[PDB]
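Peer 1: Before I ask anything, here is the structure I am working with.
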Amino acid sequence: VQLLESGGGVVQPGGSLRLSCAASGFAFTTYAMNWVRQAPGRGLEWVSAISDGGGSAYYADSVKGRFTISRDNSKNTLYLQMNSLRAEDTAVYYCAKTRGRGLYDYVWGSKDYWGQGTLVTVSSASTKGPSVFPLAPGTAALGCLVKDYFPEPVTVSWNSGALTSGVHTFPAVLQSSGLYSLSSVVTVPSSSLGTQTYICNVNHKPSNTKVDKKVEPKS
Amino acid sequence: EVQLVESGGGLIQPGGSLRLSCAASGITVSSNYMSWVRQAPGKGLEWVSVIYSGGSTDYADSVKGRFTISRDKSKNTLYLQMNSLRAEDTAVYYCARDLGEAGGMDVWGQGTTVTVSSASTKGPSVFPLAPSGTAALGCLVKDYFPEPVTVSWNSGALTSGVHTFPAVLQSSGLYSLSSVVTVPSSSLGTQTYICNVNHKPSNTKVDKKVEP
Amino acid sequence: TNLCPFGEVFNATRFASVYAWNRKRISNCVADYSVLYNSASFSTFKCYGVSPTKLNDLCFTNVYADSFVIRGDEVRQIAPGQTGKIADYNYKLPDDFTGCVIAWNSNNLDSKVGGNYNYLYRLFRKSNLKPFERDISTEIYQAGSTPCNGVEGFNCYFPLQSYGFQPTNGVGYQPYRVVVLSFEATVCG
Amino acid sequence: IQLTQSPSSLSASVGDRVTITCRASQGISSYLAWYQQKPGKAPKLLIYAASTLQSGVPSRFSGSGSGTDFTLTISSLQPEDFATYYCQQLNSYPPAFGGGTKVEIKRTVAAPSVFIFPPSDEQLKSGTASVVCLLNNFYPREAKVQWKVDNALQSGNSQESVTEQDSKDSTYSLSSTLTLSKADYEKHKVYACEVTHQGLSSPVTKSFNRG
Amino acid sequence: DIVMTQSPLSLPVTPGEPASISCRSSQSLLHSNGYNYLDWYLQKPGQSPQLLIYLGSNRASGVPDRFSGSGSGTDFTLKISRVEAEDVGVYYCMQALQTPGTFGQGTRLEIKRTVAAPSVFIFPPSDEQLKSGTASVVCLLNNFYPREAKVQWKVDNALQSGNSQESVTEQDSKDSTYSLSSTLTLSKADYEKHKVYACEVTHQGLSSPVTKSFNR
């Protein structure tokens with residue numbers, strides 16, 4: 001089962017974006033699904049819920065009128081268009097599938113499987129893909145400093161996914177300017193620096209900025 | 001709460017006929033797909049038959065024309081008639097509620113063994129295996145037909161150490177097993193050991209004391 | 001004046017699921033039943049009244065063409081006198097049938113990678129369907145003795161399961177579009 | 001369709017991650033259910049729809065797979081997990097089931113304690129006499145047991161039956177049985193059981209004389 | 001809007017011990033048919049939530065036999081019989097009866113473990129940052145327990161106070177430890193103008209505060 005979510009990025013305050021979520025591995029046409037969102041470090045807030053063949057939709061008073069949720073069961077994909085976007089609407093948006101298909105198994109009820117999440121940021125924009133500089137290396141660690149990038153999320157991986165053990169990508173911090181910057185490190189045997197090449201694959205996509213940088217020692 | 005409990009199996013001469021029952025509780029037999037699955041000694045699981053809610057019935061080719069499946073809705077039991085039985089039909093027969101692909105057979109019966117032989121029922125002889133710090137003693141259940149013999153000790157008052165071997169078939173054609181329990185070397189002269197053998201096939205119940 | 005529009009039912013983009021079959025009534029027309037029979041682009045074509053030739057040598061009151069998609073392995077149930085999960089619970093043609101069943105593999109369109117779950121089939125019903133019935137309910141099936149109060153869960157099964165068509169399945173479990181024309185004047189041949 | 005699971009037998013220590021597979025010959029999407037059958041008891045549905053765990057089953061069991069390659073994993077083996085496991089095809093009416101796979105549990109070596117038991121006087125009155133040798137709580141399952149009457153190795157009369165693995169200490173038991181008539185039982189005085197086993201420095205013999 | 005509140009909002013446990021989060025609502029959630037419509041979700045670090053309990057006491061598909069929730073009407077309680085490292089996350093309760101779904105503020109389970117000290121490391125800025133005008137010096141504390149630690153930036157042994165910024169990760173789900181980075185953002189001019197930049201790290205598992213340093 002998979003609820004994969006598309007869309008997401010920066011839109012101007014007072015603007016309009018539409019998130020799609022595409023599901024596979026379940027009936028869908030029989031299950032009612034909802035959209036839940038949560039603001040960075042704030043807890044979860046409910047947004048909307050639609051029944052199994054449209055025809056029934058409920059939304060939070062805080063969103064009545066601006067967003068409209070709908071779906072196309074022919075294409076097995078749920079959407080949610082929101083307009084009049086403001087300061088308080090920037091949060092990660094998750095589609096969830098409700099558990100039951102019976103009645104008394106209310107359409108905005110218990111959510112059974114949730115989506116990975118797609119983040120929407122609402123501000124007078126800046127969209128700069130980052131600078132990627134080498135953190136220069138028994139056991140020892142090396143890492144990437146992805147500096148001054150905007151909006152969120154940046155995703156780091158080492159050796160195109162082969163490295164994931166000991167890896168620590170930290171949460172981005174917002175600096176005196178409004179740009180972001182975070183650093184990902186990884187610990188490895190001090191002796192293997194000569195035989196294996198460490199590559200960090202920084203992929204800040206919302207500015208199409210895939211950047212692999214080899215990380216090598218300094219003497 | 002929810003439990004299928006079968007009965008009706010035993011020894012039946014070939015060409016013969018037999019009917020098993022599988023009374024459910026908690027599950028309505030007439031409202032699900034209930035199937036009969038059977039397992040031959042040392043082999044895998046073979047589906048025998050199924051009866052949909054709707055009333056349709058399906059059977060494996062090895063059983064078509066000899067066996068019929070049905071259900072008494074007013075007793076919630078599901079039965080399966082066995083007719084013109086072969087030596088190939090000897091097996092444990094389980095009945096379970098097939099839930100299709102919304103889960104599998106999730107509720108199963110306890111199983112009721114069916115044995116299709118030309119032989120007759122002989123009851124066991126239960127001579128004692130006795131002791132010589134830990135010491136062990138046990139009962140020996142010799143020459144019975146068919147299975148099964150059940151052995152308990154002190155009516156369930158002794159279950160620690162007790163081991164009951166799976167029976168072995170002898171050249172005679174009958175079976176034999178031995179149950180053994182290990183006890184401490186000081187219980188001999190104060191505790192009383194009595195092995196209760198029950199062979200339901202011949203309605204024979206024997207209890208035997210075991211002295212040094 | 002013009003052809004019966006089979007191009008509307010056989011060469012149509014989407015097919016209905018079996019539990020909720022589609023039916024098109026056909027009238028004030030007449031079409032050749034010998035481009036279909038001599039099509040050769042169909043794996044099945046079996047009639048139960050008379051043969052596909054004389055049929056277009058006759059005129060009928062009204063002709064209906066029901067259409068849905070099942071597993072190829074169940075097409076043997078779209079015929080009079082059969083029993084199965086499709087002829088009992090989803091679709092049932094009468095024992096006095098007069099008409100033709102036609103069917104072909106659809107694995108290029110109805111199957112998807114990762115499974116196509118738009119095709120449902122009823123899997124639980126407390127009694128089979130009467131001939132040409134269409135049941136579209138979705139009420140929780142109660143399979144125990146205790147009522148379900150409208151909550152899917154144990155012995156409380158939502159009645160429709162999904163064919164999980166994937167292109168790498170076996171041909172006895174791959175998508176077969178089916179069309180059944182029944183005959184009871186306005187069209188002829 | 002036929003399913004073919006493998007490895008037919010498998011054996012691994014407690015705490016190990018164990019994986020069994022089922023190969024279907026045609027391609028069955030996600031219609032497979034995995035059951036577990038403890039000896040003497042009926043099976044238990046462990047998982048349906050390839051990956052969905054059945055209510056009540058512990059979480060250290062999980063399925064993955066689709067198409068023709070299905071996998072059943074026990075992420076951390078516990079002692080009571082020894083059984084037979086069988087895949088089944090949901091969706092084809094004659095429900096094809098796989099042949100079965102026996103998981104046995106490994107352990108530190110354990111020597112067995114041997115004890116012999118002469119025939120019961122109550123028995124001899126009937127003409128047949130049954131000497132029995134018992135090996136208790138040993139692991140691995142393999143052991144030799146040779147009878148010696150007087151001091152002759154016997155061959156052709158003994159028979160042994162081993163039990164299943166104990167559910168807690170994963171150890172076996174075994175009894176060998178010599179079968180001779182009362183006539184021959186009384187021709188001889190010494191009866192011995194020579195048991196050799198991996199956990200034994202050198203063989204242990206346990207005999208007894210008539211009377 | 002039904003209001004939900006759970007307590008505590010911080011529950012510190014030790015592997016093998018039980019934990020118990022309680023969550024109570026404004027209006028009763030008993031019966032829309034005989035069931036209590038209030039569920040429990042868990043959200044691990046970097047992950048989207050997942051149902052644990054539904055309709056009050058019904059374990060979700062896949063969820064461990066160690067999790068259970070009880071109560072009825074207005075008083076609910078989720079209890080983890082034996083806590084495991086892999087269970088650290090935030091747990092929210094939610095009512096599913098009325099139209100605005102509402103959840104709790106969350107209860108952050110923190111996992112308690114043996115004190116561990118951070119491996120400290122410091123990286124000099126890249127050659128490519130300096131073709132930019134700014135220079136960033138990272139100091140990393142890796143795999144340390146508790147989250148209580150403070151690092152100081154001193155150039156030529158002069159304490160820094162306004163440049164360093166820190167970001168910490170969440171607790172691991174295997175080792176149950178934290179890591180933290182602190183970075184000095186200077187200008188090429190001001191960096192070039194010193195010799196020995198170093199990091200001073202204090203922490204409860206470090207008897208003598210460790211300090212690493214490099215020279216331009």
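Here's how to read the names in the structure tokens: chain A, B, ... by the order shown, residue numbers from 1 in each chain, ligand numbers from 1 in the order shown.
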Which residues are close to residue 8 of chain B, i.e. within 8 Å by only C-alpha atoms, leaving aside same-chain residues fewer than 2 positions away? Reply as a list in words.
Peer 2: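 Near residue 8 of chain B, the qualifying residues are residues 6, 10, 18, 19, 20, 21 and 112 of chain B.
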Peer 1: At a cut-off of 7 Å, list the chain B residues touching chain D, using only C-alpha atoms, as a PyMOL selection string.
Peer 2: chain B and resi 44-45+47+60+100-101+103-106+108-111+127-130+165-166+168
Peer 1: Export C-alpha atoms of the chosen residues as a short mmCIF file (atom, residue, chain, number, x, y, z; two decimals), in the first residue's frame?
Peer 2:
```
data_model
loop_
_atom_site.label_atom_id
_atom_site.label_comp_id
_atom_site.auth_asym_id
_atom_site.auth_seq_id
_atom_site.Cartn_x
_atom_site.Cartn_y
_atom_site.Cartn_z
CA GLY B 44 1.14 -31.53 3.31
CA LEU B 45 -2.24 -29.82 3.36
CA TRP B 47 -8.07 -28.99 0.27
CA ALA B 60 -11.10 -31.63 -5.48
CA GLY B 100 -11.11 -15.94 0.69
CA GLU B 101 -8.58 -13.23 0.22
CA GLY B 103 -7.65 -13.27 5.18
CA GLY B 104 -7.09 -16.99 4.89
CA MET B 105 -8.58 -19.92 6.62
CA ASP B 106 -8.25 -18.09 9.95
CA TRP B 108 -9.63 -24.09 12.08
CA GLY B 109 -11.03 -27.17 13.82
CA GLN B 110 -9.16 -29.37 16.23
CA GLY B 111 -9.03 -32.11 13.56
CA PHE B 127 2.90 -53.29 31.36
CA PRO B 128 5.19 -50.87 33.68
CA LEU B 129 8.71 -49.58 33.14
CA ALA B 130 9.99 -49.06 36.67
CA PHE B 165 6.90 -40.81 22.49
CA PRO B 166 5.14 -40.81 19.18
CA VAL B 168 5.95 -46.78 16.22
#
```
Peer 1: To one decimal in Å, tell me the separation between atom CA of residue 209 of chain D and atom CA of residue 167 of chain B.
Peer 2: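 Result for atom CA of residue 209 of chain D versus atom CA of residue 167 of chain B: 27.4 Å, one decimal.
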Peer 1: Between atom CA of residue 170 of chain E and atom CA of residue 172 of chain A, measure the distance and give it in Å to one decimal.
Peer 2: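 So the answer is 12.8 Å.
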Peer 1: Compute the set of chain A residues within 7 Å of chain E, using only C-alpha atoms, and express it as a list in words.
Peer 2: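 Within 7 Å of chain E on chain A, we get residues 43, 44, 45, 46, 60, 104, 108, 109, 110, 111, 112, 113, 114, 115, 116, 117, 133, 134, 135, 136, 170, 171 and 173 of chain A.
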Peer 1: For the residues in that selection, give me C-alpha atoms as a CSV table (one decimal), in the first residue's frame.
Peer 2:
```
chain,number,residue,atom,x,y,z
A,43,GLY,CA,1.3,18.9,16.3
A,44,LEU,CA,-1.2,17.7,14.0
A,45,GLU,CA,-4.2,19.7,12.8
A,46,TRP,CA,-7.0,18.2,10.7
A,60,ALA,CA,-12.1,22.9,9.1
A,104,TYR,CA,-20.3,4.5,11.7
A,108,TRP,CA,-13.1,11.9,8.8
A,109,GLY,CA,-12.4,9.1,11.2
A,110,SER,CA,-9.4,7.0,12.1
A,111,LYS,CA,-6.6,7.1,9.5
A,112,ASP,CA,-5.2,3.8,8.5
A,113,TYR,CA,-2.1,4.6,6.3
A,114,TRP,CA,-0.6,8.0,5.9
A,115,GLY,CA,1.5,9.6,3.1
A,116,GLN,CA,5.1,10.5,3.2
A,117,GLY,CA,4.2,14.2,3.3
A,133,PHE,CA,31.1,22.6,1.0
A,134,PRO,CA,33.3,19.3,2.3
A,135,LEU,CA,33.6,18.8,6.0
A,136,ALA,CA,37.1,17.4,6.0
A,170,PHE,CA,20.6,17.5,11.2
A,171,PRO,CA,17.5,19.7,11.1
A,173,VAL,CA,18.5,26.2,11.1
```
Peer 1: DSSP on the backbone: what in segment 107-203 of chain B comes out strand (DSSP E or B), as an MDAnalysis selection string?
Peer 2: chainID B and resid 107:108 114:115 122 125 128:129 134:145 150:153 158 163:164 168:169 175:184 194:199
Peer 1: Give me, as a list in words, the residues of chain B that a backbone DSSP run labels helix (DSSP H, G or I).
Peer 2: residues 29, 30, 31, 87, 88, 89, 154, 155, 156, 200, 201 and 202 of chain B
Peer 1: Can I get the selected residues back with N, CA and C atoms, as a CSV table (one decimal), in the first residue's frame?
Peer 2:
```
chain,number,residue,atom,x,y,z
B,29,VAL,N,-22.3,-20.8,10.2
B,29,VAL,CA,-21.8,-21.7,9.1
B,29,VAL,C,-22.5,-21.4,7.7
B,30,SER,N,-23.8,-21.1,7.7
B,30,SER,CA,-24.5,-20.8,6.5
B,30,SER,C,-24.1,-19.5,5.9
B,31,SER,N,-23.3,-18.7,6.6
B,31,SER,CA,-23.1,-17.3,6.0
B,31,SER,C,-21.6,-17.2,5.7
B,87,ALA,N,-7.8,-46.1,0.7
B,87,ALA,CA,-6.7,-46.0,1.7
B,87,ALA,C,-5.9,-44.7,1.6
B,88,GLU,N,-6.2,-44.0,0.6
B,88,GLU,CA,-5.7,-42.7,0.2
B,88,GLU,C,-6.4,-41.6,0.9
B,89,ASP,N,-7.5,-42.0,1.6
B,89,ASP,CA,-8.4,-41.0,2.3
B,89,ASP,C,-8.1,-41.1,3.8
B,154,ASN,N,-1.2,-39.5,36.9
B,154,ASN,CA,-1.9,-39.0,38.1
B,154,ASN,C,-3.0,-38.1,37.6
B,155,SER,N,-3.7,-38.5,36.6
B,155,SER,CA,-4.9,-37.7,36.0
B,155,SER,C,-4.4,-36.2,35.9
B,156,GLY,N,-3.2,-35.9,35.4
B,156,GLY,CA,-2.9,-34.5,35.2
B,156,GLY,C,-2.2,-33.9,36.4
B,200,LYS,N,-9.7,-44.5,23.3
B,200,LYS,CA,-11.1,-44.3,22.9
B,200,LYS,C,-11.6,-45.3,21.8
B,201,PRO,N,-10.8,-45.8,20.8
B,201,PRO,CA,-11.1,-46.9,19.5
B,201,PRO,C,-11.6,-48.2,20.0
B,202,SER,N,-11.3,-48.5,21.3
B,202,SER,CA,-11.8,-49.8,21.9
B,202,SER,C,-12.4,-49.5,23.3
```
Peer 1: Determine, for each residue of chain A having at least one atom at most 12 Å from an atom of chain D, the closest pair of atoms and their separation in Å to one decimal, counting only C-alpha atoms; order by chain and ascending number, as CSV.
Peer 2:
```
residue,atom,partner,partner_atom,distance
A:1,CA,D:51,CA,9.8
A:25,CA,D:30,CA,9.4
A:26,CA,D:49,CA,11.0
```
Peer 1: Could you save those same residues with C-alpha atoms as an mmCIF file, in the first residue's frame?
Peer 2:
```
data_model
loop_
_atom_site.group_PDB
_atom_site.id
_atom_site.type_symbol
_atom_site.label_atom_id
_atom_site.label_comp_id
_atom_site.auth_asym_id
_atom_site.auth_seq_id
_atom_site.Cartn_x
_atom_site.Cartn_y
_atom_site.Cartn_z
ATOM 1 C CA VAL A 1 0.000 0.000 0.000
ATOM 2 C CA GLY A 25 -2.089 -1.217 -3.536
ATOM 3 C CA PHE A 26 -5.678 -0.782 -2.299
#
```
Peer 1: Given only C-alpha atoms, how would the per-residue table for chain C near chain E read, listing every residue at most 10 Å away with its closest atom pair and distance in Å to one decimal, sorted by chain and number, as CSV?
Peer 2:
```
residue,atom,partner,partner_atom,distance
C:148,CA,E:33,CA,9.0
C:149,CA,E:33,CA,5.7
C:150,CA,E:33,CA,7.8
C:151,CA,E:33,CA,8.9
```
Peer 1: May I have the residues from that selection written out with C-alpha atoms, as a PDB file, in the first residue's frame?
Peer 2:
```pdb
ATOM      1  CA  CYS C 148     -21.634  -5.240  13.233  1.00  0.00           C
ATOM      2  CA  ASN C 149     -23.095  -1.770  14.035  1.00  0.00           C
ATOM      3  CA  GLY C 150     -21.501  -0.536  10.902  1.00  0.00           C
ATOM      4  CA  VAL C 151     -17.855  -1.240  11.687  1.00  0.00           C
TER       5      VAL C 151
END
```
Peer 1: Considering only C-alpha atoms, extract the chain C residues located within 8 Å of chain B and return them as a PyMOL selection string.
Peer 2: chain C and resi 83-84+88-89+124-128+143-146+155+157+161
Peer 1: Go ahead and save the residues from that selection, with C-alpha atoms, as a PDB file, in the first residue's frame.
Peer 2:
```
ATOM      1  CA  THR C  83     -21.987 -21.705 -10.258  1.00  0.00           C
ATOM      2  CA  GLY C  84     -19.034 -19.758  -8.901  1.00  0.00           C
ATOM      3  CA  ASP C  88     -23.758 -16.461  -8.064  1.00  0.00           C
ATOM      4  CA  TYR C  89     -22.809 -13.194  -6.399  1.00  0.00           C
ATOM      5  CA  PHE C 124     -19.854 -12.132   0.072  1.00  0.00           C
ATOM      6  CA  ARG C 125     -23.652 -12.447  -0.327  1.00  0.00           C
ATOM      7  CA  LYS C 126     -26.076 -14.496   1.764  1.00  0.00           C
ATOM      8  CA  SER C 127     -27.794 -16.033  -1.286  1.00  0.00           C
ATOM      9  CA  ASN C 128     -27.118 -15.957  -4.980  1.00  0.00           C
ATOM     10  CA  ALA C 143     -20.554 -13.194   9.021  1.00  0.00           C
ATOM     11  CA  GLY C 144     -21.011 -14.024  12.689  1.00  0.00           C
ATOM     12  CA  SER C 145     -23.876 -13.996  15.158  1.00  0.00           C
ATOM     13  CA  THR C 146     -23.141 -10.628  16.775  1.00  0.00           C
ATOM     14  CA  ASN C 155     -16.752 -11.295  10.823  1.00  0.00           C
ATOM     15  CA  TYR C 157     -16.481  -7.674   6.074  1.00  0.00           C
ATOM     16  CA  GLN C 161     -12.809  -7.304  -3.009  1.00  0.00           C
TER      17      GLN C 161
END
```
Peer 1: When you look at segment 17-34 of chain C with a cut-off of 7 Å (counting only C-alpha atoms), what residues show up, excluding the ones that are within fewer than 6 positions of it in the same chain? I need them as a VMD selection string.
Peer 2: chain C and resid 2 to 4 52 to 53 56 62 to 70 90 to 91 119 to 122 134 to 136 186 to 189
Peer 1: May I ask for the distance between atom CA of residue 48 of chain B and atom CA of residue 36 of chain B, given in Å to one decimal place?
Peer 2: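 Interatomic distance here is 5.5 Å.
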Peer 1: Compile the contact shell of residue 93 of chain B as a list in words: residues with an atom at most 8 Å away, counting only C-alpha atoms, same-chain residues fewer than 2 positions apart removed.
Peer 2: residues 36, 37, 38, 39, 91, 95, 111, 112, 113 and 114 of chain B
Peer 1: Could you build a table of the residues in segment 31-143 of chain D lying no more than 10 Å from segment 166-170 of chain C, giving for each the nearest pair of atoms and their separation in Å rounded to one decimal place, using only C-alpha atoms, ordered by chain and ascending residue number, as a tab-separated table?
Peer 2:
```
residue	atom	partner	partner_atom	distance
D:66	CA	C:166	CA	9.6
D:67	CA	C:168	CA	6.7
D:68	CA	C:169	CA	8.7
```
Peer 1: Please find the residues of chain C near chain D - the criterion being any atom within 12 Å, counting only C-alpha atoms - and write them as an MDAnalysis selection string.
Peer 2: chainID C and resid 71:74 84:85 111:117 123 153:154 161:174
Peer 1: With C-alpha atoms retained, write the just-selected residues as a compact mmCIF listing (two decimals), in the first residue's frame.
Peer 2:
```
# COMPACT_ATOMS: atom_id res chain seq x y z
CA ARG C 71 -10.53 -12.96 -14.57
CA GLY C 72 -10.14 -15.07 -17.71
CA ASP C 73 -10.39 -18.03 -15.41
CA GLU C 74 -14.02 -17.16 -14.55
CA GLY C 84 -19.03 -19.76 -8.90
CA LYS C 85 -18.24 -16.54 -7.15
CA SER C 111 -3.69 -4.43 -15.82
CA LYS C 112 -1.21 -2.00 -14.24
CA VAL C 113 2.22 -2.25 -12.66
CA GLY C 114 1.86 -2.48 -8.94
CA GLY C 115 -1.69 -3.74 -9.40
CA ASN C 116 -4.88 -2.20 -10.74
CA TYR C 117 -7.62 -2.05 -8.08
CA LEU C 123 -17.24 -11.69 -2.64
CA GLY C 153 -13.66 -5.71 11.35
CA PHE C 154 -13.84 -9.37 12.46
CA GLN C 161 -12.81 -7.30 -3.01
CA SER C 162 -10.56 -6.01 -5.81
CA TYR C 163 -9.05 -7.97 -8.67
CA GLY C 164 -5.41 -7.10 -8.24
CA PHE C 165 -4.53 -7.03 -11.89
CA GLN C 166 -0.82 -6.70 -12.55
CA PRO C 167 0.69 -7.29 -16.02
CA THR C 168 2.98 -10.11 -14.76
CA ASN C 169 0.13 -12.38 -13.74
CA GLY C 170 -0.73 -15.72 -15.19
CA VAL C 171 -3.23 -15.71 -18.07
CA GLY C 172 -5.87 -17.50 -16.01
CA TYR C 173 -5.76 -14.50 -13.60
CA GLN C 174 -5.24 -11.71 -16.21
```
Peer 1: If the cut-off is 12 Å, can you tell me the residues of chain A near chain C, counting only C-alpha atoms? I'd like them as a ChimeraX atom specification.
Peer 2: /A:1-2,23-31,52,72-77,98-106,109-110
Peer 1: Please tabulate, as a Markdown table, the residues of chain E that come within 9 Å of chain D, each with its closest pair of atoms and the distance in Å to one decimal, counting only C-alpha atoms and ordering rows by chain, then residue number upward.
Peer 2:
```
| residue | atom | partner | partner_atom | distance |
| --- | --- | --- | --- | --- |
| E:59 | CA | D:55 | CA | 8.5 |
| E:60 | CA | D:55 | CA | 8.6 |
| E:61 | CA | D:53 | CA | 6.7 |
| E:62 | CA | D:53 | CA | 6.1 |
| E:63 | CA | D:59 | CA | 7.4 |
| E:64 | CA | D:59 | CA | 5.7 |
| E:65 | CA | D:58 | CA | 6.7 |
```
Peer 1: What's around residue 184 of chain B at 10 Å? Count only C-alpha atoms, leave out sequence neighbours fewer than 3 positions away in its own chain, and write the answer as a list in words.
Peer 2: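 Result of the neighbour search: residues 133, 134, 135, 136, 187 and 188 of chain B.
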Peer 1: Could you turn the residues from that selection into a file that holds C-alpha atoms, as an mmCIF file, in the first residue's frame?
Peer 2:
```
data_model
loop_
_atom_site.group_PDB
_atom_site.id
_atom_site.type_symbol
_atom_site.label_atom_id
_atom_site.label_comp_id
_atom_site.auth_asym_id
_atom_site.auth_seq_id
_atom_site.Cartn_x
_atom_site.Cartn_y
_atom_site.Cartn_z
ATOM 1 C CA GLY B 133 19.382 -37.932 42.568
ATOM 2 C CA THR B 134 16.961 -38.339 39.656
ATOM 3 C CA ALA B 135 15.285 -41.536 38.542
ATOM 4 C CA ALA B 136 12.832 -42.056 35.746
ATOM 5 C CA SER B 187 9.777 -39.736 45.742
ATOM 6 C CA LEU B 188 9.639 -43.501 45.100
#
```
Peer 1: Contacts of residue 151 of chain A at 8 Å or less, counting only C-alpha atoms, minus same-chain residues fewer than 3 places along, as a ChimeraX atom specification?
Peer 2: /A:9-10,121,126-128,179-180,206
Peer 1: Write the residues of the preceding selection, restricted to N, CA, C and O atoms, as a PDB file, in the first residue's frame.
Peer 2:
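To be explicit, this is the file written out as result-v5.pdb:
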```pdb
ATOM      1  N   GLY A   9       5.916  23.098  -2.448  1.00  0.00           N
ATOM      2  CA  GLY A   9       6.996  24.067  -2.646  1.00  0.00           C
ATOM      3  C   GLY A   9       6.553  25.421  -2.157  1.00  0.00           C
ATOM      4  O   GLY A   9       5.790  25.435  -1.214  1.00  0.00           O
ATOM      5  N   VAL A  10       7.048  26.479  -2.785  1.00  0.00           N
ATOM      6  CA  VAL A  10       6.746  27.843  -2.298  1.00  0.00           C
ATOM      7  C   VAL A  10       5.770  28.483  -3.246  1.00  0.00           C
ATOM      8  O   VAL A  10       5.899  28.290  -4.438  1.00  0.00           O
ATOM      9  N   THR A 121       5.348  25.986   1.751  1.00  0.00           N
ATOM     10  CA  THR A 121       5.863  27.200   2.432  1.00  0.00           C
ATOM     11  C   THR A 121       5.233  28.429   1.781  1.00  0.00           C
ATOM     12  O   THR A 121       5.229  28.515   0.561  1.00  0.00           O
ATOM     13  N   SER A 126      12.037  33.491  -2.103  1.00  0.00           N
ATOM     14  CA  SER A 126      13.467  33.430  -2.442  1.00  0.00           C
ATOM     15  C   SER A 126      13.608  31.949  -2.714  1.00  0.00           C
ATOM     16  O   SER A 126      13.111  31.139  -1.945  1.00  0.00           O
ATOM     17  N   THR A 127      14.159  31.642  -3.873  1.00  0.00           N
ATOM     18  CA  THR A 127      14.298  30.218  -4.198  1.00  0.00           C
ATOM     19  C   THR A 127      15.718  30.004  -4.689  1.00  0.00           C
ATOM     20  O   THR A 127      15.916  29.966  -5.889  1.00  0.00           O
ATOM     21  N   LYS A 128      16.655  29.846  -3.766  1.00  0.00           N
ATOM     22  CA  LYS A 128      18.054  29.649  -4.159  1.00  0.00           C
ATOM     23  C   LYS A 128      18.471  28.217  -3.868  1.00  0.00           C
ATOM     24  O   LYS A 128      18.313  27.828  -2.762  1.00  0.00           O
ATOM     25  N   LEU A 179      17.632  32.697   4.673  1.00  0.00           N
ATOM     26  CA  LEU A 179      18.008  31.466   3.946  1.00  0.00           C
ATOM     27  C   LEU A 179      18.282  30.371   4.960  1.00  0.00           C
ATOM     28  O   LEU A 179      18.560  30.695   6.095  1.00  0.00           O
ATOM     29  N   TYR A 180      18.243  29.118   4.526  1.00  0.00           N
ATOM     30  CA  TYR A 180      18.472  27.993   5.457  1.00  0.00           C
ATOM     31  C   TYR A 180      19.863  27.420   5.230  1.00  0.00           C
ATOM     32  O   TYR A 180      20.502  27.837   4.258  1.00  0.00           O
ATOM     33  N   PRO A 206      13.433  21.959  -5.296  1.00  0.00           N
ATOM     34  CA  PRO A 206      12.463  23.017  -5.566  1.00  0.00           C
ATOM     35  C   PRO A 206      13.214  24.146  -6.304  1.00  0.00           C
ATOM     36  O   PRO A 206      12.658  25.196  -6.419  1.00  0.00           O
TER      37      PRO A 206
END
```
Peer 1: Would you mind listing what lies within 9 Å of residue 7 of chain E as a list in words, with only C-alpha atoms counted and same-chain residues fewer than 4 positions away left out?
Peer 2: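 Residues near the query, excluding close chain neighbours: residues 11, 21, 22, 23, 24, 106 and 107 of chain E.
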Peer 1: Filtering to N, CA, C and O atoms, could you give me those residues as a compact mmCIF listing (two decimals), in the first residue's frame?
Peer 2:
```txt
# COMPACT_ATOMS: atom_id res chain seq x y z
N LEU E 11 7.24 12.00 28.60
CA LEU E 11 7.26 10.84 29.48
C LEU E 11 8.59 10.25 29.20
O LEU E 11 8.68 9.85 28.07
N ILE E 21 0.29 6.82 28.85
CA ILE E 21 -0.05 8.20 28.44
C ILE E 21 -1.55 8.30 28.59
O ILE E 21 -2.21 7.43 28.14
N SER E 22 -2.07 9.32 29.24
CA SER E 22 -3.52 9.39 29.38
C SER E 22 -4.01 10.55 28.56
O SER E 22 -3.31 11.51 28.50
N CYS E 23 -5.22 10.47 28.05
CA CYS E 23 -5.77 11.51 27.17
C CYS E 23 -7.25 11.56 27.45
O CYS E 23 -7.83 10.52 27.36
N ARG E 24 -7.77 12.73 27.82
CA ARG E 24 -9.20 12.90 28.18
C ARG E 24 -9.81 14.02 27.35
O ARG E 24 -9.12 14.99 27.11
N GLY E 106 0.26 16.10 22.18
CA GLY E 106 1.37 15.16 21.97
C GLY E 106 2.07 14.86 23.26
O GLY E 106 1.98 15.67 24.11
N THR E 107 2.73 13.72 23.39
CA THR E 107 3.43 13.31 24.63
C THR E 107 4.79 12.79 24.20
O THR E 107 4.85 11.68 23.84
```
